[PDB]
Protein chains: 6
Amino acid sequence: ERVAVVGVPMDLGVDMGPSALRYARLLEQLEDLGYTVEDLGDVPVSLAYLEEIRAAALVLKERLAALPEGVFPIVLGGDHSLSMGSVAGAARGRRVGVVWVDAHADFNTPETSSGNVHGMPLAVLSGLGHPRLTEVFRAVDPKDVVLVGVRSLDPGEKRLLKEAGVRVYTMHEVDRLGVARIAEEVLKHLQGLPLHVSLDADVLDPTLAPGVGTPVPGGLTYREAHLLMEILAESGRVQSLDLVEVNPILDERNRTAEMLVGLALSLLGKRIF
Amino acid sequence: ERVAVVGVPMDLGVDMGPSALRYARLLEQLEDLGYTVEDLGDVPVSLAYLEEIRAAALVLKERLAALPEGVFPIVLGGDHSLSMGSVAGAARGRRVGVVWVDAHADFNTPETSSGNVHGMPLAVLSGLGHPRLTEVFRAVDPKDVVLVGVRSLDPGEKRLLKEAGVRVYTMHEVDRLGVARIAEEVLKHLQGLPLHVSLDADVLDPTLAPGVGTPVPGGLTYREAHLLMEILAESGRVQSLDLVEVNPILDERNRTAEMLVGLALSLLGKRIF
Amino acid sequence: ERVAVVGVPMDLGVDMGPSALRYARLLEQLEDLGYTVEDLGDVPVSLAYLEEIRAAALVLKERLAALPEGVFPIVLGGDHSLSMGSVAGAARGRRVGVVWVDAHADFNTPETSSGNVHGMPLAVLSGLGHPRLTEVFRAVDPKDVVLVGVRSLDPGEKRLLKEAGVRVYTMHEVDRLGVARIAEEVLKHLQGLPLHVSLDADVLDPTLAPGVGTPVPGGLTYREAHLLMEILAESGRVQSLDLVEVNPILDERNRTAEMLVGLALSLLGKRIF
Amino acid sequence: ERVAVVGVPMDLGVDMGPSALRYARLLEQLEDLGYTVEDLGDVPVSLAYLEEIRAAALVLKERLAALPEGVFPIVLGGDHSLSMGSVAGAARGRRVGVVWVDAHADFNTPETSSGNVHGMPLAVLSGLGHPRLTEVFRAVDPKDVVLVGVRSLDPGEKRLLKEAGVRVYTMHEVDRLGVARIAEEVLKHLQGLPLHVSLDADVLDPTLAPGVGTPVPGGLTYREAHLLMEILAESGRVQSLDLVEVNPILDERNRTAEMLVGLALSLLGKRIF
Amino acid sequence: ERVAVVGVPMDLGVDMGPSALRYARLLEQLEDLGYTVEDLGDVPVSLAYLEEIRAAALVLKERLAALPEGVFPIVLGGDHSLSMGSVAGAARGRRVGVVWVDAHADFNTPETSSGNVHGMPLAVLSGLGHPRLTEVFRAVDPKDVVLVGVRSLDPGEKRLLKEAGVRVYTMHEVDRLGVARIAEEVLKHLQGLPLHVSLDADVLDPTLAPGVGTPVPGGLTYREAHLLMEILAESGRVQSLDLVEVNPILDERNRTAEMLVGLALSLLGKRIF
Amino acid sequence: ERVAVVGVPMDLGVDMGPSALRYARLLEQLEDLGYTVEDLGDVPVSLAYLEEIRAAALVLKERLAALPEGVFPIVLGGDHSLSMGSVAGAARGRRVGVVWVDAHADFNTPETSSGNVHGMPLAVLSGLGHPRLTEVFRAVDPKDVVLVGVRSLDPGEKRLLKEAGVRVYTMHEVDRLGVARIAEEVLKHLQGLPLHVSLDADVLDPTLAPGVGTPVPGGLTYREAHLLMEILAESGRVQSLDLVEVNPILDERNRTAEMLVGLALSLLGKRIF
Ligand SMILES: N[C@@H](CCCC[NH3+])C(=O)O
Ligand SMILES: N[C@@H](CCCC[NH3+])C(=O)O
Ligand SMILES: N[C@@H](CCCC[NH3+])C(=O)O
Ligand SMILES: N[C@@H](CCCC[NH3+])C(=O)O
Ligand SMILES: N[C@@H](CCCC[NH3+])C(=O)O
Ligand SMILES: N[C@@H](CCCC[NH3+])C(=O)O
Ligand SMILES: [Mn+2]
Ligand SMILES: [Mn+2]
Ligand SMILES: [Mn+2]
Ligand SMILES: [Mn+2]
Ligand SMILES: [Mn+2]
Ligand SMILES: [Mn+2]
Ligand SMILES: [Mn+2]
Ligand SMILES: [Mn+2]
Ligand SMILES: [Mn+2]
Ligand SMILES: [Mn+2]
Ligand SMILES: [Mn+2]
Ligand SMILES: [Mn+2]
């Protein structure tokens with residue numbers, strides 16, 4: 001019944017993502033859906049910038065852990081790095097499954113690689129990476145993580161993912177199996193666990209979502225993304241959500257932000273029938 | 001072997017739809033397919049406009065009912081309201097299955113809703129709605145009706161559809177099951193019955209068919225629409241067809257009209273092999 | 001030019017009907033008439049027996065549907081129940097008119113009645129009755145059905161027939177109008193449609209055709225039956241035929257089977273001049 | 001989400017009530033509350049005047065009955081007589097509970113009494129009174145009616161009310177039990193039913209609402225009226241509302257109209273917290 | 001249309017339950033209802049007996065999973081322990097709602113308690129209990145389970161039920177709310193899911209069903225039990241059924257078995273009107 | 001103030017019902033209630049027996065029609081067939097509502113069915129059935145009839161009841177709505193009309209009233225039956241009553257007759273407070 005929205009304008013043009021999502025009327029539409037919604041505003045944001053990222057993500061983690069239970073958090077973001085804080089915070093010390101819907105795996109470590117932290121959050125959350133990050137953000141077991149829509153990986157990432165035993169559904173599996181079957185398998189693999197969904201806008205085909213920093217051709221269609229959100233919603237186990245990497249500076253008429261808002265609605269129960 | 005084409009330029013810019021469809025060479029192409037074709041011209045068209053709609057639809061019903069049996073009728077339209085007359089007329093007092101391919105259910109009543117009659121034809125045909133319409137247009141049992149491609153419904157419509165027991169395949173089912181399976185299920189549900197296909201241009205994704213009054217994203221692809229028509233055609237039970245809601249004023253290079261003409265050809269037997 | 005004969009020795013002594021008909025030289029006489037004939041042998045036959053009947057009729061339906069078009073099928077039978085499969089199969093998914101020449105209407109449902117399925121085939125074909133049957137055998141529309149020679153009906157049957165709007169020519173109409181006029185009206189009522197003739201031996205007066213399970217006095221004379229067949233033949237629209245209910249165990253010198261073979265020859269063009 | 005406002009400037013100076021209510025910014029404030037509002041304008045108004053009243057109320061009934069379901073109607077009025085049409089029209093043929101908040105019971109018949117029709121609407125609605133009125137306005141069972149705030153009754157009225165079994169909460173009961181308890185009892189007595197609230201401005205103490213034709217001392221306080229509206233709103237069952245008897249000619253700075261507009265907002269969800 | 005009946009004479013005198021139920025003409029009456037029925041015979045049955053129970057339940061699970069889809073399975077039993085296999089098998093790997101109509105919750109684990117396995121099946125099915133059982137029988141999410149008619153619970157059970165979040169309707173709720181409302185709430189709570197109904201004879205008042213191992217006073221009346229079955233039947237979502245714990249050795253004239261057969265008929269569509 | 005009791009010992013062991021009812025001191029208790037009572041004795045009684053039934057019922061009709069108005073008639077019976085005469089006679093040519101409290105609908109016609117006339121009285125009274133009966137006993141419009149407590153119907157009866165538009169409250173509705181609400185709805189449905197109550201002993205659960213020819217489990221409880229009678233009594237519109245189908249030969253200590261006598265007392269005003 002209750003939903004809390006918090007923004008993380010972190011870009012360490014994605015820092016404009018939270019405003020774009022708000023402008024796509026995420027809040028008004030959540031209310032039309034029957035939810036009572038509260039906008040918590042934005043979390044202050046001031047190798048590269050590791051400490052600054054740590055500081056911001058820490059505020060986020062603490063902000064989410066404070067929420068009275070029963071309040072569904074939706075984090076609007078810039079960098080996917082914010083997920084280190086959102087997942088750790090939203091998990092509330094309990095075992096949660098993570099469904100990472102992204103064109104990338106974000107499973108790099110300082111060792112595997114351009115040194116961008118927003119390319120290592122899922123690894124950090126899994127307990128792999130720089131100590132200053134894992135010490136406060138490790139929050140999920142690699143076996144309780146599922147990647148969906150992946151189509152671009154670094155050599156080092158591939159190794160780590162395999163070593164860690166993370167279930168990965170690349171676009172190859174999406175094409176081969178279909179979203180309906182994959183969604184079912186995702187729920188089975190993470191059965192009995194509350195689920196945190198982290199949705200990176202770049203999972204959508206670039207033709208549909210141009211407003212992303214690292215576009216990769218051959219992504220999910222509008223319909224597949226909605227189906228995935230609908231099936232995950234049906235499970236009734238989704239407890240939190242990240243809407244990240246929206247970059248209005250590369251977008252067209254804010255359609256990428258509008259896309260993600262529509263997907264959030266589907267994930268929270270909006271149905272045709 | 002025989003096909004009769006009649007237009008209903010009713011908009012009570014869709015009134016330009018019949019001309020657009022004729023300009024897309026529906027007639028010439030039906031002949032290339034081996035059918036002998038006759039253009040019957042247009043039916044005269046002069047809450048909102050209920051009596052005027054009733055009058056026009058009545059002329060249409062009578063015109064179709066008077067056709068010699070064995071002559072396949074294709075009604076070109078503006079408003080989907082014309083289907084009250086086309087289905088009642090093409091049914092010939094007989095039990096017919098109705099396959100409504102539309103982004104909407106057109107199952108509203110004066111009570112459920114903007115008062116537009118073109119949003120109530122399927123309800124009327126099923127015997128629900130204003131007495132002045134149901135008294136002369138009721139023509140199908142709700143159980144012999146199947147909706148395909150629906151992605152937008154009003155609250156009242158949902159209730160009526162469930163109460164009536166109408167089989168509904170929304171885009172969610174389309175994504176989940178696939179058109180092939182849905183087409184098979186349609187034929188099974190309406191097994192042994194002649195079939196009337198009512199095709200609303202808006203069932204197609206807006207990116208593919210922009211020339212429609214009420215576009216709704218996430219529609220059928222070009223291929224899916226043809227596959228549906230081809231499987232229905234294989235049954236050999238299709239007996240009549242409506243090609244409605246084409247709006248050239250909102251279209252681009254008449255591509256929406258061309259889309260529907262191609263779909264009509266597939267429904268009438270055109271095959272790749 | 002081509003005729004295919006198939007037997008259905010179903011009695012769920014009419015199971016001996018196919019052999020009796022073959023022994024009456026149906027095949028040799030069809031050849032003398034100029035047809036190239038192929039005997040397909042018999043379809044395997046193993047409330048009462050509904051599933052067994054469904055199985056056998058389904059094999060029949062598939063066998064007929066698989067025939068190359070242009071091949072006239074003649075089904076020899078025991079129970080008239082086989083018509084659920086012969087009509088559905090011979091229809092080939094297209095609209096066909098049914099001329100049911102029988103002393104009975106076979107229009108009962110499980111509700112209207114002794115529970116014998118061979119008393120419900122026409123109702124099933126018309127979409128009325130047990131779901132397990134109508135779901136695979138519904139194949140004709142009530143207004144495309146004409147009963148000729150009826151002289152015995154159950155109370156429930158009368159209701160269903162009137163509700164369904166089936167054109168019925170009982171012996172009262174035969175006596176009042178004459179076969180010539182009735183045949184003309186049958187063709188008019190089913191104008192433009194290919195015709196399936198289902199001939200039950202009991203339509204003939206018992207004095208002429210004793211070999212039937214449920215004889216009813218006051219039936220058609222030898223000449224009337226031949227006149228009906230000859231006029232239907234002249235239309236050039238007859239596409240399939242059932243020769244059912246021949247029971248050699250109750251017959252005299254196989255004359256009933258010989259009667260039906262003679263009528264089949266008239267239906268297929270045999271003429272005095 | 002949707003609200004429709006219609007006025008009935010009937011005084012057969014209360015005819016100036018609709019304008020006064022509109023000038024109190026009822027519409028603008030409903031929008032600030034989040035509702036989408038449509039002003040339908042006024043219904044034409046031309047023993048005493050029974051036929052003229054009937055005509056106007058009939059137009060009103062039809063106008064409300066034609067509204068798409070889901071649209072909350074608020075009728076602005078002069079005479080409370082308009083309620084014969086508003087309740088009958090807003091009921092939509094279904095069983096509805098009526099909460100009549102008035103200093104009077106308006107339960108007179110031509111027999112019980114000054115012949116003013118605006119003193120008989122509730123009786124008429126309950127099926128008691130002149131045939132010309134009950135024949136088209138009877139719309140509620142006396143047992144689904146609850147009067148709140150009554151402090152002035154005619155001898156005849158008392159008899160009819162008791163005979164009919166109408167639940168009446170006079171100011172004596174208000175003083176004794178308190179509005180909170182009375183509001184709870186009202187919802188219980190009319191449990192499971194959609195509610196129509198008819199608010200007569202004279203239910204409020206004259207010192208607070210001087211702009212009324214028949215002021216009666218000892219009415220509801222500002223706070224009690226708002227509490228009643230808030231508790232009724234919490235039920236989520238209120239479907240329609242009448243704001244009647246506002247007379248600007250006897251008012252002071254339009255405060256009575258402003259009072260009612262404030263109460264309408266409370267009834268529609270406005271809350272301090 | 002199709003029903004398969006299988007018995008599990010497990011008592012590890014309830015082992016005589018399957019014969020008692022068959023003697024109550026379950027099969028003959030299902031056919032009178034219009035279903036085609038097949039008796040699959042019985043599944044071989046040879047802390048306490050955990051492995052033997054596991055073996056039998058496994059055979060049952062496989063037998064049901066192997067059934068062609070569309071075939072409604074009814075499992076006749078001795079011990080309710082058989083449900084570990086019937087539910088897992090009937091679920092067919094898909095998400096199913098479970099309606100457990102029992103005087104007990106059968107939600108014990110080896111830890112919570114007399115060590116009887118037939119007092120732990122629902123817990124096992126929910127994934128709680130001995131590993132040897134949960135590894136092959138876990139098949140439902142605690143949130144998709146609803147208990148109806150409970151009137152006897154162990155301290156440990158109460159904890160587990162609350163921890164798991166299982167919706168429980170004890171006889172207190174039944175008395176307070178009424179079966180009509182409870183049935184509605186059950187369907188809502190398990191909306192959109194196929195339903196498996198597990199009916200324990202002891203849910204019925206002992207005065208009505210004496211033939212049960214653990215009778216508990218204050219149970220459901222004959223009418224309440226039929227109403228529950230009728231409302232669940234109306235949903236059209238019931239896909240499987242268990243009829244367990246019938247003990248003819250403690251019964252009177254087999255009335256408990258006859259009671260359950262009647263309830264099965266109501267659940268499968270039998271209605272007064 | 002005045003009550004007339006007449007018996008109809010018709011069984012064409014229910015013929016012993018009138019004596020059983022008298023022995024239950026119906027008369028003495030009616031006097032204790034304040035009524036002046038007169039026993040008119042019994043009406044002479046000499047497909048099946050249609051003419052004999054007609055003759056007896058006719059004598060009954062004439063006997064009741066001849067009673068001075070203001071005298072409440074109570075007819076004690078054997079067969080419910082007597083109601084053809086009691087209702088027609090008690091109606092006195094005026095429009096009366098009929099409350100048929102029975103486990104059966106008695107709405108059969110010679111066509112719908114074992115040919116027992118006592119299974120067709122309500123139909124006859126409604127103008128459906130054998131001409132010999134309807135010509136002299138038709139006396140009520142199907143729309144002024146309400147059945148309460150029904151739990152057993154023949155297929156044909158269902159059709160006739162729906163066709164005729166008779167309001168039917170089966171035990172399913174009783175369980176769902178409760179007698180209180182049903183009694184209110186009965187009075188509303190028959191508002192403004194004098195009421196004739198026909199009470200068949202078999203409406204009561206067999207466990208409570210074993211003395212009936214066709215017992216059907218799941219009937220009304222003692223309290224429900226008294227509540228129904230008390231609410232009908234409160235209306236003050238009940239004008240006549242039949243107490244039928246009491247069979248002392250199948251009864252236990254005349255408790256069924258005592259049950260009905262008690263119910264008559266409640267119907268005639270006996271109250272606890
Ligand atoms: N509309 C936002 C711009 C996004 C800024 C994020 N820091 C603001 O101007 O407040
Ligand atoms: N070419 C057609 C145009 C279709 C018009 C819509 N009422 C004409 O104007 O004759
Ligand atoms: N001539 C066949 C007899 C068919 C009668 C029924 N199955 C045979 O005996 O081989
Ligand atoms: N303001 C209104 C006056 C109240 C009218 C009521 N009929 C007008 O001048 O339109
Ligand atoms: N009639 C059953 C008896 C059920 C006893 C429990 N195993 C049998 O086949 O012997
Ligand atoms: N005691 C009554 C008995 C009624 C049985 C019905 N004809 C008598 O012999 O007069
Ligand atoms: Mn990412
Ligand atoms: Mn990414
Ligand atoms: Mn449409
Ligand atoms: Mn549309
Ligand atoms: Mn026949
Ligand atoms: Mn026959
Ligand atoms: Mn008033
Ligand atoms: Mn007043
Ligand atoms: Mn149990
Ligand atoms: Mn139990
Ligand atoms: Mn009766
Ligand atoms: Mn009865």
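Only heavy atoms go into these numbers, but all of them, side chains included; no hydrogens, no water, no symmetry mates. Letters A, B, ... are given to chains in the order of the sequence lines, protein chains preceding strands, and every chain is numbered from 1. First listed ligand is number 1; within each ligand, the first listed atom is number 1.
The set of protein atoms (N, O or S) found at less than 2.8 Å from the Mn ion (ligand 15) reads E:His80 ND1, E:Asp102 OD2, E:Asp106 OD2, E:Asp200 OD2, by chain and number.
A donor-acceptor contact under 3.5 angstrom links the side chains of A:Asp251 and A:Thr256, judged on distance only. Remark: the A:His80 side chain and the A:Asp102 side chain contain an N/O donor-acceptor pair separated by less than 3.5 Å. For the residue pair E:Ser113 and E:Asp154, no side-chain donor N or O sits within less than 3.5 Å of a side-chain acceptor on the partner.
Partner of C:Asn247 under the side-chain contact (heavy atoms from CB on, under 4.5 Å) criterion, out of C:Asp202, C:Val14, C:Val212: C:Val14 alone. Applying side-chain contact (heavy atoms from CB on, under 4.5 Å) to C:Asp242 and the options C:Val8, C:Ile74, C:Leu76, C:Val75 leaves one that passes, C:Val75.
Within a 6.0 Å radius of CZ in A:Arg151, other residues, nucleotides and ligands contribute more than 12 heavy atoms.
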With the criterion set at N/O pairs under 3.5 Å, what does the list of contacts between the protein and ligand 3 look like, atom names and distances included?
from	atom 1	to	atom 2	distance (Å)
ligand 3	1 (N)	C:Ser19	OG	2.7

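A heavy-atom distance below 4.5 Å is found between the side chains of A:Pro121 and A:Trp100. At a threshold of 4.5 Å between non-hydrogen side-chain atoms, the residues C:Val5 and C:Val37 count as touching. Looking only at side-chain heavy atoms (C-beta outward), C:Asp15 and C:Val45 stay at 4.5 Å or farther from each other.
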